[PDB]
Structures are given as C-alpha cells and as structure tokens.
Amino acid sequence: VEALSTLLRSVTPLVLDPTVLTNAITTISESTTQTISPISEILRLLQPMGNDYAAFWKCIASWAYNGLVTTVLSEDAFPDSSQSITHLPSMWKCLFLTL
Amino acid sequence: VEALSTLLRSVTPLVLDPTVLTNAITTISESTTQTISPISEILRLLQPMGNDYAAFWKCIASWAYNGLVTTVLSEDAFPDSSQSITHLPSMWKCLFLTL
Amino acid sequence: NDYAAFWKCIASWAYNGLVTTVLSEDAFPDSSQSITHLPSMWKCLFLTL
Amino acid sequence: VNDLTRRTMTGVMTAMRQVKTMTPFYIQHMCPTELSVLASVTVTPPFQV
Amino acid sequence: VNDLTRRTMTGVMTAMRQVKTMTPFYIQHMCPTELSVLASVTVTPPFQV
Amino acid sequence: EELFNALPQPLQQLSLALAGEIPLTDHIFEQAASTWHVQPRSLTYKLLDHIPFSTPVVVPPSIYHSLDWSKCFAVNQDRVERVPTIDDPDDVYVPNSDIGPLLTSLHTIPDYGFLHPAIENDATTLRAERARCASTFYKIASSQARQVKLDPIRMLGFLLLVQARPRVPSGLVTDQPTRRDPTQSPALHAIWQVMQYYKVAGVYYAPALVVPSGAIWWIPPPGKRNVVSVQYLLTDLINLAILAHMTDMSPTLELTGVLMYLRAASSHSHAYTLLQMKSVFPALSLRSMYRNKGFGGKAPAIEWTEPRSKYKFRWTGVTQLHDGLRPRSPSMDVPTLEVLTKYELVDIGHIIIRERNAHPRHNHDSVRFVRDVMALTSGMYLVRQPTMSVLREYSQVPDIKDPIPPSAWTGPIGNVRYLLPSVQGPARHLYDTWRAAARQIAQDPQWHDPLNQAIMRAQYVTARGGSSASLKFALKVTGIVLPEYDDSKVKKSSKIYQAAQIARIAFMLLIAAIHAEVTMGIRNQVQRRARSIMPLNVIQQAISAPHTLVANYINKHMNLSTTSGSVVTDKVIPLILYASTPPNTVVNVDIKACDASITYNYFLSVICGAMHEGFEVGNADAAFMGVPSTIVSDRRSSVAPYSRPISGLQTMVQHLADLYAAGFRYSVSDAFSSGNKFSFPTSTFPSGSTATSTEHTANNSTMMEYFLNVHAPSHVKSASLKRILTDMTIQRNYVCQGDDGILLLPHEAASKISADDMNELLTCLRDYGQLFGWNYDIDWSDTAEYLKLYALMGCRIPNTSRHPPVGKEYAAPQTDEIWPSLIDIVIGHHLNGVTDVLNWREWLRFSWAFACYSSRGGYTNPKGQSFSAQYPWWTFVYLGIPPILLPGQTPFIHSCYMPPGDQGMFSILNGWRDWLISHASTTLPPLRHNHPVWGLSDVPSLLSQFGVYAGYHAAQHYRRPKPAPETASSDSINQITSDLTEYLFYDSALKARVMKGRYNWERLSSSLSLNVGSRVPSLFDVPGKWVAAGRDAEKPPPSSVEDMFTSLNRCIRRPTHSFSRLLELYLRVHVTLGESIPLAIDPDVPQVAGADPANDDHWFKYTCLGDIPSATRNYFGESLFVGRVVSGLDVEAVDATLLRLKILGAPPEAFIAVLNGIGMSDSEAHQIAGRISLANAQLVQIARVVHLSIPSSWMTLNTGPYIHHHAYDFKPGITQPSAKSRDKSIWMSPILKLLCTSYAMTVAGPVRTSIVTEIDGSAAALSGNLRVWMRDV
Amino acid sequence: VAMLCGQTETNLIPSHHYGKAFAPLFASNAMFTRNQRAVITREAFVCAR
Amino acid sequence: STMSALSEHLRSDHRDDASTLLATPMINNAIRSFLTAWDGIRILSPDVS
Amino acid sequence: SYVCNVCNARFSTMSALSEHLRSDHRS
RNA sequence: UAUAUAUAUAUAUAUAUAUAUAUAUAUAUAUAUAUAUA
Ligand SMILES: [Zn+2]
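Quick notes on the rules
Residues numbered from 1 in each chain as written, not as in the entry; some residues may be left out. Chains lettered and ligands numbered in written order. Part of a larger assembly, values for the part shown. Heavy atoms only, no water. UniProt positions renumbered as here; feature names shortened; annotations may be inferred. Axes fitted to C-alpha atoms, helices over the stretch in contact; angles between N-to-C directions. Helix = DSSP H or I, 4+ residues; strand = E, 2+ residues; numbered from the N terminus. Parallel < 35°, antiparallel > 145°, perpendicular 65-115°, else oblique. Left-handed = near helix turned anticlockwise from the far one by under 90°. Contact = heavy atoms within 4.5 Å. Nonpolar A, V, L, I, M, F, W, Y, C, P; charged D, E, K, R; others polar. Buried area = accessible area lost by both parts, 1.4 Å probe. Salt bridge = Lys/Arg side-chain N within 4 Å of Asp/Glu carboxyl O. Polar contact = N/O pair within 3.5 Å; in protein donor to acceptor, adjacent residues only side chain to side chain. Donors = N, O, S within 2.8 Å, 3.2 Å for Na, K, Ca; no water. Tetrahedral: all angles 85-135°; square planar, octahedral: opposite > 155°, others 65-115°. Buried < 20%, exposed > 50% of the residue type's maximum accessible area, 1.4 Å probe, protein only.

Listed as the method for this PDB entry is cryo-EM; the listed resolution is 3.27 Å.

In the nomenclature of the PDB entry, chain G corresponds to Major inner capsid protein VP3 from the organism Golden shiner reovirus. Recorded in the entry header as its title is "Golden Shiner Reovirus Core Tropical Vertex".

The name given to chain F in the PDB entry is RNA-directed RNA polymerase VP2, and the organism recorded there is Golden shiner reovirus. We quote the UniProt Subcellular location comment for chain F here in full: "Virion". The record held by UniProt for chain F lists under Sequence similarities the comment "Belongs to the reoviridae RNA-directed RNA polymerase family."

A. Seen up close, the packing of helix α7 (residues 152-163) of chain F against helix α31 (residues 840-854) of chain F. Residue and element names in this part refer to chain F. Between α7 and α31, whose axes approach to 9 Å, the crossing angle comes to 130°. Between α7 and α31, the crossing angle belongs to the class labelled oblique. As for the relative orientation of α7 and α31, their crossing is right-handed in sense. Counting all contacts with α7, which are made through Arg154, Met155, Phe158, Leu159 and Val162, the residues of α31 involved are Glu842, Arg845, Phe846, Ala849, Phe850 and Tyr853. Its residues assigned to classes, the contact of α7 with α31 shows eight nonpolar, no polar and three charged.

B. Just the packing of helix α17 (residues 426-442) of chain F against helix α25 (residues 600-614) of chain F, in detail. All names here are of chain F. Remark: α17 packs on α25, axes separated minimally by 7 Å, with the N-to-C direction vectors making an angle of 40°. Comparing the axis directions of α17 and α25 gives the class oblique. The hand of the α17/α25 crossing is right-handed. Where α17 approaches α25, its residues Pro426, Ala427, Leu430, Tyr431, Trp434, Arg435, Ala438, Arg439 and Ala442 are matched on the opposing element by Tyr602, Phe603, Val606, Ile607, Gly609, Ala610, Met611, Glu613 and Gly614. Partitioned by chemical class, the residues of the contact of α17 with α25 number 13 nonpolar, two polar and three charged.

C. The arrangement of the interface of chain H and chain I in detail. Counting residues at the interface gives eight residues for chain H, matched by seven residues for chain I. Interface area, chain H with chain I, both sides summed: about 710 Å², of which 46% is carbon and sulfur. If you sort the residues of chain H by the area they bury against chain I, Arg11, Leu35 and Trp38 of chain H come out on top, with a joint share of 57%. One salt bridge connects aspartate 39 of chain H with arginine 26 of chain I, and the closest N-O pair in it is separated by 2.7 Å. At the junction of chain H with chain I, the criterion picks out five residue pairs in polar contact. Per element, the largest residue contribution to the side of chain H that touches chain I is six residues, and it comes from helix α2 (residues 24-43) of chain H. Looking at the side of chain H that touches chain I residue by residue, the classes come out as two nonpolar, one polar and five charged.

D. Focus on the coordination of the zinc ion. All names here are of chain I. Around the zinc ion, the protein contributes the donor atoms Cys4 (SG), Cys7 (SG), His20 (NE2) and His25 (NE2), at 2.0 to 2.3 Å from the metal centre. One can describe the donor arrangement at the zinc ion as tetrahedral, given that its four donor atoms subtend angles of 87 to 133° at the metal. The sequence pattern formed by the donor residues of the zinc ion is C-x2-C-x12-H-x4-H. Pair noted here: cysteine 4 is in the loop between β1 (2-3) and β2 (10-11) and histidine 20 is in helix α1 (residues 14-24), with a separation of 16 residues, a long-range link. Pair check on accessibility: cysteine 4 and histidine 20 agree, each one buried.

E. Structural view of unusual backbone geometry. All names here are of chain F. For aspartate 248, which is not a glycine, the phi torsion comes out positive at approximately 55°. Mapped onto the elements, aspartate 248 comes out in the loop between α9 (228-247) and α10 (251-266). The phi angle at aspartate 777 is positive, at roughly 55°, despite the residue not being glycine. By the secondary structure assignment, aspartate 777 is in the loop between α29 (755-771) and β20 (784-786).

F. Here's a closer look at the environment of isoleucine 496 of chain F. All names here are of chain F. Relative to the helices and strands, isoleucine 496 resides in helix α20 (residues 495-502). With 84 residues separating them along the chain, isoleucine 496 and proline 412 place their C-alpha atoms 38 Å apart. Once residues lying within four places of it in the same chain are set aside, the contact partners of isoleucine 496 are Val461, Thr462, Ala463, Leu980, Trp1026 and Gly1030.

See the structure below:
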C-alpha cells in the first residue's frame, strides 16, 4: 500500500490546506462571557495525531488491494461509551466518525 | 491623464474630507463582549493611503480620453472566489466594488 | 544576421528528392498543451507562416 | 452570523446611506463645466468615443 | 446546553457545510484516472474483490 | 582527579557549585571572581601538567621557523604594502615572523615587552621606511591577536574549571552523563606539547597578552624566538577544544582538526594558508552525504501554500526515504582530496570519508555527525592591512563579453542618452523594466505628502556617519559658511552633525558638494575577506533618492522583494527547509561580487537613461525635495536641436549619472598602517549597508527573469530540459537578497532531472552571466545555502564555526570600552549557544563561569583614585541565565528557554513558592501584619538573605556613563536643536500639527487627571533623542565613570525589599502544569541537528511545539496600526500607549491628540482612532501593554497555537472561582496566558499544559490594581 | 480535514496536467520484464509438475 | 550525603508522589505520557523497510 | 557509549537507545 | 548447575563500501613504425 500511496501523492494535482477551514471556523462571532468555547474545543480536536494528514492517501491506495488488506477506523477515535450526547467533545468525535 | 488630473485638482471647490463619515460611523454603539467588531473591519478597509485619493481624479480625467485609455478595477481588489458570503471582509469588498 | 534557414529552404527546392527541409520537431507546441497557453499559440502562428 | 453583529452591520451601512455628501451634486452640475473649460487648455484636445 | 452555545454549535457546523472544497469533485472525476494509470506501473498489479 | 586538587580553594568551591554539588552563593561567587583578577594568567597553563594525555598527536618543531619580516613589507609610492612572498598576489596577510627584535621591556612587568619608542618616533617624525614597515607589522600583528572577546587563557581556565568534575545527575530519565572525557582530547594535548617550548624554569610564559590597547609580547632569551603565528594557533586550539566539548564530538574528528591547524601553522602566513583550504570540511561532509545504496529514513513533508508571495508553509506529515530519492549531484570527494594532496593532508580526507560512510541512512546520528564535522573549520576573525584590502578588492573591473555598441544610443539629453528601440537582448529587458518602474514612480501622490517627506529626511540621520571633513571643505570652498556647535559635545563626523549644519541652506546651492570625497571603513569577518562600509554624506544620500525609490518599487511589486522586507528573519527558515526536501531540487547561486560588478559603462548608464526617460511622463515643472525643474538642451535630432524644461526628478538623474560616470572617490586613512593616507577613485558601488540591497536585488531578479524566459529556451539543447524549463517563473521559482539567491526547480514527476541536463543548464547560466560580466559562482549539491543558513533534507544545520566561542571582531587598534560592557557580551555570548543547539547542560555550566569572571571590575582615574564594584550573581538570572541549583531544589530543572526579565523571575518564584513559604516559617519569626501573597511566614527577609533584591535591582542599573551638559554649549544645544527641528520641519503644517497635539494632550492629561508627566512619543522629542544619541557617541570623561561606580555601589548597598509593582502583582497568580501536549511531529524525524534525545531539552521543546512558524490565525501582531512612522520614535511604545488609553476608556479626543502628536492629520487620526479595539488585537499585541513580550529564544518555535488553546486561564473543573476574570477577561486573559506559557517554558522536559489555578486576591482586585498602574505610567 | 480542505489551481486543465505528470513513467521496458518472468514461471511450474 | 544520592532516592522512592515541594517525579511522569503519545503516532503509521 | 539511567543498558547507536527508552521503561 | 536478559570476543554466512591485482572497452599522454603534406 505504501508504494502506491507515495507514488500516487506525487502525481496528483490536489493539494491540502487546513488554513482555509480554520479561517471559516475562527470567523464565527461569539460571546466572551461563556465558561466553555466550542470553537477552542473543535480546533483542538481537529488537529490530527501528528500534523500528518497522510491517512487520506492511505485510504485511496487500499482500494486497489481490498482483497489483501482493509482499512479500519482507528479504535481510539471512538467516543467513550460511558459518555452522553451532551458531552461536547464526545459529540464532535461522533460527527467526525460518520463523515 | 496626469496633466488633466493635475489641472482638475488645481482648480476645484470640492474638498475631500472623511472626518464626518468616520465620526458618524464610530458613534454606533455595540457590545464589547463579542469576538468580532465589524466597525474595525470597515475602518481597516477605507485606509487613506495619504495620496489624497488620486484614483478619484484619475477616473475623472480618463473620461476625457476614454477613446484612448480605459480605467479598470484592480484585480487584487476583488473577493476571492473561494470565500462565502458570511466571510465579512469578502462581503465588504463586494460592496465597495458595487458602489 | 545569418538567416541560414531561409537560404537553406530556397536551396533545398532545387534538390528536393535528395534533401527535404522539415520544420524543427521541437518548434511545435507540446501536444498536451492547450490553446490558452499563449507561448504555444505564438509557436503555432510562426509554424503556419 | 450572530444577530448582534448583523444588527451592527446593517447599522453602519445605514449610517453611510445618510451621510450628506456633496460629491453627487458636484458630479451632476459642476464637474462638466470644469471639463468643458479645461478641454481648451490641455496641450492635447479630448479624444472620446 | 445553553442556547447561546447551541446557537454557536449549529453555526460552526453550518460553516463547514458551506466550504467550497474541491475533494468531492476530484474523487468522482479525476482520482479514477490516476488509479487506472498507476495500475500498470506498480510492481504488483491490483488485487480486488 | 588531581587537577581538582590543584585548583585553589575558592575555585574548587566554584567548580563544586557548577557541578551542582551545592547551591551557589554570593560569598563563593566573589572569592572566585576576586582571585581570578589577582593571579597571573600563566598559572592556567601550569594546570595542564596534571593531565595524563593519551592521544596520538605530535607537534613538529617546524612551527618555530620564523620567516624574516623585513622581506614581507615594502613602501612604494609612499604606502606600506605587503609584497606577497608567493607569486600569488593574494598573499597579503600577516606573515610568520619572530616579533622579538622589535621589543623593549616594560617597567611594570619586566618580562613582557612592547614596541621600541625609537622605532615609532622615527616612523612618525623621519618617516623612515624600515621604521614604518616595522611599525605597520607590529600594529597588525598585535591587532590579529586582539580579535577575541577576552583573553583566551581565561576561556581555557573556564573550560578546565567546568571539566574538572563530572556534573551530578538530575532525576530525569533522559539525563545522559557526558560520554566524552578529558585525557582523550587531542586539542588539550596539542596545547600542552606546544606550550612546552615556552617554559624556562617551569613558569610557562605566555607567548602574548591582550590588553585594552592591543597585545604585548614576551622578550625571548637569546636561544629562543617567538613566532606570532603560535599565539594564533593557541587561540584556534582553545576555541576548538571548547567547541568539541560542547558539541560532544568523537576524539577522532578533533584529532583531524588539530592536524588541520598544525599543518596551517607550520607554513608561512597562517591566515592565508587557512583561508586557501577553507571549504574543505563542508565539501567533505555536507555536500556529499547520501551518495550510496543503503539510503533511507524519514523526512519532513512541507507544503508551500498557493499565494506563494506570502511565503506561507504548512507541515503536512512525513515522507519515507528510498534510493530513488537519493541525491543526484556528483560528490565532492575528488576535488577536495586533490586540494588536500597539495598540503599532504590526504589522511584527513580518508579519515573523514571512512567515518562518513558509517551513516548511510538519514537520522539524528547522521545530522549530528554533519554538525560536528562542519564545526571544525577555523573560527578566527582574520584581519589584514586595510591598505592591502582596499587595494586588492576595488582593483577589479567587470569584463563584458558583448559591450553595448556606441551606435546604440540616441543623441545626448545634456548628460544621458536614451536607448534605441532597435536594440534587443538582456539590456533591452533591463531598460524596459527600470523604465516601467520609473513611470509608476513618476505619478505618485504618495510623495509630496509632507509626512512622507519627513520620513525620508529623517531616514538619512544616524548616530554614525562619515565624510564630514570632505563636506566642510567642499562647501567652504564654494564660499558657504556653515555653522558650528563644538561646545555641544558631539562628534563632527556624525551624520547628525553635518545634517544640522545644512538645515538653513537652500538646497540647490549645495549641488556642487555632491562631487566630494567619501571616507571608508572596514569590518572583519570569520570565513571570508573583511566587509566594507562606505557612508555617503547626507547630501549625496539625498540625491540618490530616486534610485532607491525605483528599486523599492521593483522589489515590493515584483517577487515581493524576495524577503528583503526582512520583517522577521525567520521567514527564510521554512523556505530553505522546504527547498531541501527530497521532492524538490534546489540550486544555490550568488553574484561573485555584485558591488564590484555593478558599474556605469554597462549597467548604470542603462538605468540612468531608463529612469530619466521613465520620468518624462509627469509635469515638467514640478520640484521634488527642493530640487526645482531646469532647462536642458535636447540633441536627439541633429536637424532640430533645442532646449526644454525637465522635472526635478530628472535633474537629480542628470547629476546622479554625472557622479556615477565620474566614479566614486574614496579616501583611505587606515590607522593600523603608519602615515599612509591617500585617495583613489573606483567604480565599486558603496554597498555599505542594507540601502544597497534594494538595487542589487532588483538587478539580480531582472537578469534572472530574462535568462529563464528568453535566453535559456533559445540556447539550450535538451528537449526534456526545454519542456521543464518552460512553465517556470521567478515569482514562484526564484528568490534573492543582494548577491545571494536561491533557484528551485519544478517537481520532476516522481523523478529527478538528469545530471547531464543540469550540467548543460548550469553551463549556459555561467555563459549568460559572462555576457555582461557577472561571475555567477553557482553550485548544485542538493543543499540550501541562503543568508548563511544551512538545511539538509528539511533539517536545519547550525554552522557553529561562524560563532566562535572566543573570537570577536575589533576594527580599531584599541578596544575602547569600559568594564560593565563585558556583561552584555556574556549575555549575547550565551544566547548564541542556545540559538545554535549545543549540549544545553554543559553550555550552561560554562556560561556561569564566564559570568563569574565578568561579574567584577574596576577603574582608575587618569591621575587620581581607583574604583571597584561587582554584582551579586542574581543579576544574571534577571538578565536571562537560568540558575543551576536553588537551595532546596534539584539541579538542572530550569530550561534555557526561560524568559528574561520579570517573566523569568515570576516563573522561578512560582515554582519555588511553597518551599520558600514553609522554610521561612521554620527559620524566621512571623511578620507583624498579613501579606497579600505571603502568609505571615515572611519570605522577603529570606530573599534578602539570599541577596535576591540586590541582584534584581542591580541589573536595572545602566552600564554606560553619561556625558555632562553646559550652558554656552546649551546655546549650541539650542542651535543644534533648532537646526535639527528645522531640518525635520521643512514645512509648517507638520509643526502646526505637532504643536496642536502637544498642547491638547497636556491639557487633557492634566484636566481629565489621567496623570501628569506621561512621556508620550511625539515629534518634538525626536531631535532631543538625536542630540542625546550624538552626545552619547563620544568618549565619556572620567567623572562620569566615577559617578557610575558610586551610583552602582549605592544601588547595591541600599536595602530594598520589593520588586517592581508589576512583578509584585504577578506573584499573586498560581500556575500549575498538567500533562504533555499532543506532539507536533514525529520524534523520529530530525528538524535541527543536535536537538536529539541526547540533547533532551531542546529535543523536547522542538518536538512538542514544532519549529515551522505557522500562525494561521495569530499573525504574531505584525499588524500595527501605524504603518508609516518617523525614525526615532518607537512603534512598540505608540501602540502600547494607545491600547492602554483604550483600556482606560479615555475619550476620543485623547486619542486624537496623541495621534496628532506624531504628525497624523485630524481626518486620518479619527480614521486610525476608530480602528482601535480590544477585539481585533492579538494576544501578544495586547499583552505587550504591560511589557510582557516574547523572548527572542522563542522566535524559532510555533508558540502561537499553544498560547491560543493550550494555556487555560480558567479551566472550570480546576480553577478556584475567586480567579474568575469575568467581563475584564477580554484584556485579562491574554496576560494570564502569557504568564502561564512563560512558566511552562521555564521548566525542563516536555511542554505541558499550563493552567491558572488560583489568585490569592480576587481577580477583580488584580484587574483594579493593574488599571491603577496603567493609569499611573 | 482532507475532505474539507481540498483545493487546486484556479484554471486547471486535467488532461494537460496528467499529460506532463505521466510522461516519464512510460519510457522503458519496465512493464515487460514482469511479462517475461510470468512466462518463465509458467514453463517452470508445468515442468516441475 | 550527596545531591546524587538524594536525587536517586527521589526518582526511585517518590516515583508517584504529587507533593509540590518535589518537581522531578512530575517531569518524569510527563515524559512517560510523552512516550505514550509517541506510541499513538507510529501505531497508525508504522515503518516499512 | 549511550546508556539508560533506569536499567544501565548501553547502546552503540542513538536510534537503538530511543526505541529501547520509549518501549522498555514505563487487597 | 540450568534458564533468561545485556555486553565483549572469535568463527561462518549475506549485504554495502574502499583498496590491490588481472581481463575487456573508451579517453588522454609518450615512444616506435608506415603513409601524406611542408
Ligand atoms: Zn533502559
């Protein structure tokens, strides 16, 4: 898979840029009198494990060899089952999973 | 164009002075607990470059020789096509272009 | 101030069937290129003339 | 967009619409005279289409 | 959930839905071509089910 | 270790303290400092007896082969030249000679000597040749030895002291003890062997001793003789030994460096020999690393955002390395080995190559090896006779391979000639480019704005300057009687002084003076020829304005000046990192000598014509900067010649072209040589400061663009090269600054370009530069050299050799400085060791030893008394040096990234809080009434017992003496003032604006009762600042020195038990550290050489935060409201005051008065004042209002996001509700975040989340007091 | 992030871009060696059986 | 008797204490957290030969 | 050469030290 | 005494690098022979 992914990433015209998303986020107006800021939370959650952004190509490459190997959602990304929907960080994780 | 513009500015009763506009703008009340103040966004635009608005006289002079030269809006002074209407600076830019 | 090509073409006329002048292969615009690429467009114009 | 900001934005736009500027009058009534006179002064006469 | 925050959450979610990303188009129209070509290049041919 | 026993008792104590055995105290701090100042320096060498060396180094006796100096100097045309020994005309450096015969004996120290008074007298009075030659030789030889921040022996003493005892381990799991050990260092053994020659009765006489006036030498007995090169060799050895220890390199590499220096010292002209084989080490290691089969590892994945003009980059993962990605360029082994064969040093190459072959894969070890080997080049500041330097550099003229034919010009326009349209080629391209820019400049109401005019005039004045004598002569020659203000004690040669004289005169009267002589200066360098400083006079600088303006427009509106905006220098860091990544191919280029190659016959004539023509579009009668329009004869038409008016800009060009055609006329007055001043002209461009970078960068970009788009496609052969060479443009493929430049190729599709095509490409470029006489000096080694920064595969390599521990430039025969300045030298010295990533634990130990010696000093009246003083060690903590061990703590828990100033103090106290409080309760009786932050336990007395307050206030005291005023001189002060104001306020509108603003301001500040005495930045004080700077540039009288010592001692002795009000309030906050933040990048990937698990703390700090500055939403506060300001005033003061006013809720007219006080018109003042808001302000922008700033050490880290969303000022589940900032959080939270992150950066180890947990007083009380203090200042 | 942060050049022509991209990948007999190995494998397998 | 012996005792004995008077056990604890995060990196991004 | 303070294990190369350090040390 | 871990040494295998020798090809230099020109 790694060979195809690296080779694929060389030729593609697509480029990734997290900045555009952050601008769309931060431009949201909000009050400063609240104890919790959803903006800060989602921004903190949005940054990947490292500043990696490589899994996307890994998923593409896997399709050519689904007979050999299957991509699977990382187990650690699931929201904790003990939580409830009102727990915002858990809610965000659920949104990212379904996307 | 330069010669005609200089002559125009040399003799004219009109005087350009933005003090009343800003005075009428900064008197608008708004909450100080918000994260975005559109007043600042506006005043960050309309920046007086100190040239005493050569563009205005330049546009007027161009009319006399429209059959030879045409004035166009600068490309940089456009909202980026990647933005949404909710991106306030883009909206203000579009407003100025319309005016 | 040489203009060798011009005289070469005229000379070759008298010896066609022994030597043939051809347009330089690299003078053509690249096949993948599009008409909107102005430098390619000029090449096509000169090529035509 | 939070309505408070929206309320502000429509406010400032309203303020701009109410400024008693002189320019629109000058364009319609006085500027043409200035052009008409200066057209006889510049070393190059006007050239219009 | 206090509605102010609740208003914020639906706002930021709306913003994400409005971003004019290129990826969905690329997946549908361009990515298949890249795979189809590269399939002839890798030392191991594709193996699908 | 018997050496530890050899040390005297105080030094043994100090070594124990440095090792972390005991907490440091003022007592032992003084004992060590005092005893160092009293014992003879030779004892440091004496210490070397107790080291059982076991290294394979032999010092050949070939060193002591002094070549006679008499044949190394001669005078012809009445100037003392160098007459090189070898046929190479560049052997103009200090020879290898025995200085002995030119020595007398001193009465103070009879053993050492100085120059014969007879020799200098005869050279001065009789101008005797041999006397002059001897004098010149003595002066320069002494000067070369003086190129050190202090005496090398002291540094050697420092190294022995720290290395005398192993440091105690901390509790950290990553605290690896030093692997290297003494008795294995070839350098020290080499020093031992060579020094064996300099002992007569086991006394170890030093070959030389540096003094404030240079260096003295020891008279050799009849048997022996001292060669000056030996002293230089010792310095290099000492410097190498220190560096090797700090870098922690294998002894084998140090062995090679020793052999390197020895071979150089053996031959004549030690400097020249080193200079010839300079680039051997980088070529052997950096230029050729991965030219093998077993290549692999991890590399950064960096992406350059679409608006490439912004220079914004994104870290986006890592890339696996493989053989297809290995470097393509040929190695550098063959040429280097061939060169080394000349000096029979092929063994060094074999050793280096063999060792290099042990790193086939890119990882921490590989780069660490590269860092160490590259650290072997000599760090000596080379110096040669300025006369030879000026004669050798400016004697070059460019060679043009296709000159512009004379028939290519039109008729003259009085001085200039326009270029015929029929002419094509690069010259045509250059002509059009400059002409187009000139057109854009022509119509631009940005100028004629009185404020902008003030900026330009003010830009011309600085404390330094030159050519004043030429100015006074030329104007006196034309009958102009300039004023004088000598009683106002300010240097005449200062650019300020001459500017004041000019203020009244009508400008056109001065036109004849522009064709006047210009003085010159020289600044030495570490790895190259010395630089040149050529300051024009104020008038000439004014005339050349159009040239600068057009150049600026070219830069700012084409390739965005290629980073020459210089906003923060760190923007080049991600650029070269991206340029060195595997997917990209990069080529390093730079003009051989851009200053020497720009000239009038080819270049400047074209530019002058283009500018003069480009200004034709514009009112022919429009004076510019006081230069009126004039009538010139036009002779383009032979049948219809005539005369027509030309605008002032064109008149400037007319004179400017005349000056350039005449060539610059310099006057050399070198002091190291003897009685040999003269003047000679040259076409060499001045290029003395950043003002020249604009012109050269513009021309650099222009020629490159034409080459890429026109010349290369028409001339190259490879079809593949043509295919890739096309679709390439400078705005996204090329950057430059002055001569330096970087060219990067478009990403070859999953592949690399054939080296064959590269050779074809590089060859054609060389020829293209040869056409108009530019030697391009290009190279291709898959590395990044730009502005002296080195990157390899996306990892930065600090070239430590360019910052020698011992070396320091001194451009004059005398050091001319006072003792307290040494402290600032220490501080600057320490920071480099942090910027460059050294072993942070050992570097800290060495730094403190340096500080201890510097802590003490004295002075003597020219005839009368002596004076003395020394600081408590806590000063250096405030100055920004972490403590090694506090009482009750564990050593080595404070990171080097600890901020200086109050922030460092607060963070230290915050961690130290609980132990102090509890300990104070046990030791001391309680204080008499409750304290805000402390309980009744009375820690302040304990702090005083530690002398903390003494150090805290001592560091606040100034360190340079103050000159005194006088009343008749005050008439000159007024005369100086009046004229400076007159020069500043050429018009009247600005004066009216400032006066109105000042009058309104004081009226408001008093009546509204904000405060009184607020020193607000205003234009009326700018001349005052200039005057103070001018007077300060003078050598102070002794009385000022005596005042300093007395004042300093009193400040030390005065018993005070309080910090500044800000720090007092800051202590009210409690901060705690949580878990580590999520990592930025993979720890495997190296980013900075030496920041590895071995050097843990740097490795932690970089890994957690990530290096690439990526402020996607912060912008680090660079959006200051006042973009346009005059020199002298500080923007950082202006915005701080404005924000402070805004927080205080001042009425708008207060802002209006302040803005009007710096020349802003009322309309724009209202416009600016409206923009002021707490919302759009950035965290740092608002936090600076209380002087909370970002340490320079952090400028290489991506601290933005951490400060944004990792320093919780109010975590709901942890913070006490008493600390809830409530509505004032809009401006309170940034302050708390800054304090939190400062404390987090203070401790060693990985970066952890910082949380405010409690404020002893209510947050409201804290905010209220802050508002009070803000109102007070 | 990849889904929402996808963007490309303003006026990209995919056919042109891929034309340049794939050019170096079809310059050699690389694809044919595997064919030859497959044949030898076939013969070896049959003979062994 | 020595800072070394004290430091070793602090690292060994008080390996999990949280008293504010002690710093080093906390830092070592943070380092342990640092390593656990490092595992999270390569566990979803291993190294190939 | 390089060594780990917890178990005194000694390593020729730093990469080996790193991998060991990260993985071998954690009624 | 046995097991496990770590270090060092020796042997064997495999890979990579360098050196030396021999063979073949290409380039350059020198010598000798032959041809042609002066
Ligand atoms: Zn271990």
